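Cβ placement follows ideal geometry from the backbone for every residue including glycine, while neighbour counts extend to all protein chains displayed. Just so it is clear, none of the values below were taken in a lab; they were calculated from the coordinates.
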Amino acid sequence: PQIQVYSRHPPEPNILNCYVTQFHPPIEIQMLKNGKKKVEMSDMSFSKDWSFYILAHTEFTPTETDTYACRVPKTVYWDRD
Amino acid sequence: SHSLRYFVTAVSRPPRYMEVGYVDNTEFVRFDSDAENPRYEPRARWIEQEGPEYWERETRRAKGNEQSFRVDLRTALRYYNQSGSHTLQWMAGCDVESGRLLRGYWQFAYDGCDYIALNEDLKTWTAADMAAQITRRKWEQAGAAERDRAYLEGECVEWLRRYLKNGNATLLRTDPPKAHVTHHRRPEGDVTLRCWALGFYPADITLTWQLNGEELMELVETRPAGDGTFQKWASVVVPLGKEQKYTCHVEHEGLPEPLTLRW
Amino acid sequence: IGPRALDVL
Ligand code: NA
């Protein structure tokens, strides 16, 4: 599963993560809020099975109103579940 | 036990070169060729204590590695009769119990595929194909395995021990998984149960569903929370009204007792 | 300190 989007803590002051795996460098990653594109990226690395991964993350206060997503082209939404 | 591991990638572009170092699941150093003044850099607080000589020796080793990997890439192109971008990956690591080397790794992949690997004996090579058999013969002739072994049993063990002392405050911690079950009725009429493990370190964990004492299940990969800890979930689809027959089981070194959860 | 991939393919 190549794209996962999820929060650092269960939402109720938090960080959203977009975690991308199994890609083949040299991948582009954009995080979106309410459809609108300060996103920090991790160092790219790979797992023991040679599969590559990277973490894009961003500071956010979750609101009942707001939608977030990560575009990699595929847009994947944050489900608060 | 604990591990020290380096994960190295070289990528040809119509060549970028990166190294990452880890103790267990914590990244502590990084090198990137595309940086303005490429040098080895700290990624954990505890490694910043090291003297200038550490950084310069590491930088110089990385820069030599970069040159070796440029030749590697070029040679691999010839062995495989290719013209595009290509990746070579390398992992070298020691796994140590508490001074004996549990396991040593020194292995490569080309374009995402096994190429060559040092066997568990740390004396012989496994080659994936006839191209890699050319490397294996040359490395046999050069005594590569003996020098690679000496690194894995010598320097790698001794440096892991120093890192564990330097970063003891962070590296020896065990963060238990906080677990819960969520429930989702599907339009198809049955029920999805999902068992969550959050906020744990290290990354290794066992997460399974059981029914009537028998193991069952979609299970995701351990994903980083971004703050040094890990997350995982496992899901089952269960008949409506039967949720209570299902139990989620979690084990992790950090737990006084295995967890057993139910909806 | 860390590993050297001296031997080339
Ligand atoms: Na650790």
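The packing ranking, built from the mean of other Cβ atoms within 10 Å per residue, places the peptides B:100-108, B:193-201, A:64-72 in the order B:193-201, B:100-108, A:64-72, highest first.
Between B:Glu218 and B:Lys165, the simple spin-label model (points 7 angstrom out along Cα→Cβ) gives 4.9 nm. In deg cm²/dmol, rounded to 500, what helix-only [θ] at 222 nm does chain B give when every DSSP H run of at least 4 residues adds -39500 (n - 2.57) and the total is split over its residues? Roughly -7500 deg cm²/dmol at 222 nm, from the helical runs in chain B.
What the Cβ-Cβ distance of A:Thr61 and B:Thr206 gives, at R0 = 41 Å and to the nearest 0.05, is a FRET efficiency of 0.75. Between the beta carbons of B:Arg74 and B:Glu251, assuming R0 = 41 Å, the FRET efficiency works out to 0.30 to the nearest 0.05. Every Cα-Cα pair of segment B:97-247 was included, and the share exceeding 26 Å stands at 56 percent. When the alpha-carbon atoms of segment B:6-157 are used, the pair Rg, Dmax equals 16.1, 49 angstrom.
In the calculated pair distance distribution of segment B:178-262, what percentage of Cα-Cα distances lie above 15 Å? Walk me through the numbers before you get to the answer.
Details: 2007 of 3570 pairs.
Summing the P(r) tail past 15 Å for segment B:178-262 gives 56 percent.
Please identify which residues in segment B:4-23 have an amide N closer than 16 Å to a label point set 7 Å out from the Cα of B:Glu155, following the Cα→Cβ vector. Those under the cut-off are B:4-8, B:19-22.
Mind checking B:151-161 for the average number of partner chain beta-carbons within 10 Å of each residue's beta-carbon?
That works out to 1 on average.
From the square roots a ≥ b ≥ c of the eigenvalues of the alpha-carbon gyration tensor of segment B:120-190, which class results: rounded (a/c under 1.5), prolate (a/b over b/c), or oblate? The shape class here is oblate.
Calculate I(q)/I(0) for the protein assembly as shown by the Debye formula, one identical point scatterer on each C-alpha and no solvent, and give its log10 at q = 0.12 Å⁻¹ to two decimals. For the requested q values the scattering log ratios are -1.01. Put simply, when A:42-51, B:254-263, B:2-11 are sorted by average Cβ atoms within 10 angstrom per residue, most first, you get B:2-11, A:42-51, B:254-263.
Counted over chain B with a bin width of 10 Å, the fraction of Cα pairs per bin, in whole percents, is 6, 23, 26, 22, 15, 7, 0.
Above 17 Å, the calculated P(r) of segment B:54-136 contains 56 percent of its Cα-Cα pairs. When only alpha carbons are used to place a centre, segment B:62-114 and segment B:142-191 end up 20 Å from one another. In chain A, the convex hull through the Cα atoms has an average projected area of 5.8 nm², a quarter of its surface area. Counts of other chain beta carbons within 10 angstrom of each beta carbon in peptide B:222-230 average 5.
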